[PDB]
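Undergrad: Model the following, please.
(chains A, B, C and D)
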Amino acid sequence: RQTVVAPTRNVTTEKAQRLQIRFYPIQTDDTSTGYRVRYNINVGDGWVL
Amino acid sequence: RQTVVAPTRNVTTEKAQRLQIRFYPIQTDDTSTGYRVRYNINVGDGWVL
Amino acid sequence: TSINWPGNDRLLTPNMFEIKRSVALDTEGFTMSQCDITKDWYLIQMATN
Amino acid sequence: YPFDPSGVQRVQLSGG
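TA: Residues are numbered from 1 along each chain as shown, chains lettered A, B, ... in the order given. The structure is reproduced below:
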């Protein structure tokens, strides 16, 4: 037997960071042929999307 | 004859840029007397409105 | 065969010079001066003249 | 950014 060992450092923050973020629309303009949606994807430093 | 020559340099971007932008309201808040509309004009750098 | 001359997302319909669109069918807008002429075509003609 | 001095078949160069 040999066991694969997790990196146990430099792979995850201790800081409270949301695992899954929902972006609800800023500004919509519902029309009768389409449905426009606009979001503000705010990716902070130290984040990666 | 004399021909006026266009500037042909440093006057227009080759960047794919929208010539005419439509802004649709973020908030409306309709009432019986008036009809408010709230916009959000985002003018990036290099854009002059 | 592929190089559209506006070709920079210039107009509200970048891929053609929409001279007129029927306002009765119109849903998104893009009609100008209280008739079926379009915003893009109105801008083009006014700018040229 | 890419500067394309090609008299045929440039790039779109959307940029921002």
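Undergrad: and the nearest residue to residue A:17 once chain neighbours are set aside, how many residues sit next to it?
TA: Distances taken as Cβ to Cβ, 6 or more residues apart in numbering or on different chains place residue A:47 nearest to residue A:17, at 7.7 Å, with adjacent residues excluded. Placement of C-beta: from N, CA and C, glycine included. By other Cβ atoms under 10 Å in any protein chain shown, 11 other residues sit near residue A:47.
Undergrad: before we move on, what SS does residue A:47 have?
TA: Under DSSP: H, G, I helix; E, B strand; the rest coil, the three-state class of residue A:47 is coil.
Undergrad: how near is it to chain C?
TA: Note on residue A:47: its distance to chain C, by Cβ to the nearest Cβ, to the nearest Å, is 29 Å.
Undergrad: residues near the residue of chain A at minimum distance from chain B, how many?
TA: Closest to chain B within chain A is residue A:29: 3.7 Å, counting by Cβ to the nearest Cβ. As a burial measure, residue A:29 scores 17 neighbours (other Cβ under 10 Å).
Undergrad: which phi and psi does the spatially closest residue to it that is not a sequence neighbour have?
TA: Of all residues not flanking residue A:29 in the chain, residue B:24 sits nearest, at 3.7 Å (Cβ to Cβ, 6+ apart). When read as degrees, to the nearest 10, the backbone of residue B:24 gives phi -110, psi 150.
Undergrad: is it true that residue B:24 touches residue A:30?
TA: No. Applying Cβ atoms under 8 Å, one finds residue B:24 not in contact with residue A:30, separated by 9.5 Å.
Undergrad: which residue packs closest to the most centrally placed residue in chain C, ignoring adjacent ones?
TA: Geometric centre of chain C, nearest residue: residue C:40, 2.9 Å, by Cα atoms, centre = their mean. Excluding the flanking residues, the one nearest residue C:40 by Cβ to Cβ, 6+ apart is residue C:11, at 3.9 Å.
Undergrad: Look up phi and psi at residue C:3.
TA: Main-chain dihedrals, residue C:3, degrees, to the nearest 10: phi -80, psi 90.
Undergrad: wait, residue C:46
TA: The phi and psi torsions at residue C:46 (degrees, to the nearest 10) take the values phi -60, psi -40.
Undergrad: What is the burial count for it?
TA: If we define neighbours as other Cβ under 10 Å, then residue C:46 has 10 of them.
Undergrad: Please tell me how far it sits from residue C:32.
TA: Distance of residue C:46 to residue C:32, given as Cβ to Cβ, to the nearest Å: 9 Å.
Undergrad: Could you list the contact residues of chain D toward chain C?
TA: D:12, D:14 (Cβ under 8 Å from any Cβ of the partner chain).
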